[PDB]
């Protein structure tokens, strides 16, 4: 009985929102509200895009806009998995869905990477923002050693195809194109099935 209508309605609303060509602050404010409404419910994500991998965290594209104005991704960390330290180069929202993860912000200093504040500790329903304007560099990791964690991320592009960077401790940058773990997206558009 997957409530795929929730993801369909999120995608529609996010489309309508960007049709008004609003500023980043308005996108993040209205966006985090719409994402909050989606990730408050754990009755809609298909099992195929909730699956951990033993070697690396999984990046399942759920929807990309026709003009690549936004994308929606299911990120799945297994026990003890982390992202590299990375930037985005576009606005991003992180909606916590299942389990426990932490997000550490970083800044580029004289020495290299320095963490800003404590890790932000996410639990289901919580939404965080990233952007070049408000803070773009972070590392997201599973805070459980025996359970997988899932967050739904929304970006101001097709994030899997954005040329961005990972950072080493000394602040040196490697090119980063994340791509996607899935060859298949979920069909959220067969409304007659419901």
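Positions refer to the first chain, counted from 1.
Asks: Highest mean C-alpha temperature factor of the two stretches 91-99 and 107-115, which is it?
Replies: Higher of the two, by average CA B-factor, is 107-115.
Asks: Per the record, averaged over C-alpha atoms, which has the higher B-factor: 56-64 or 27-35?
Replies: Taking the mean B-factor of the alpha carbons in each, 27-35 is higher.
Asks: Quick check on the deposited entry: does the C-alpha B-factor of residue 139 sit in the lowest, middle or highest third of its chain?
Replies: CA B-factor rank for residue 139: lowest third.
Asks: Would the CA B-factor of residue 169 place it in the lowest, middle or highest third of its chain?
Replies: For residue 169, the deposited C-alpha B-factor lands in the highest third.
Asks: Place residue 182 in the lowest, middle or highest third of its chain's C-alpha B-factors, as listed in the PDB entry.
Replies: Residue 182: CA B-factor falls in the lowest third of its chain.
Asks: Would you check the entry's CA temperature factor for residue 132 and let me know if it's in the chain's lowest, middle or highest third?
Replies: Within its chain, residue 132 is a highest-third residue by C-alpha B-factor, going by the deposited values.
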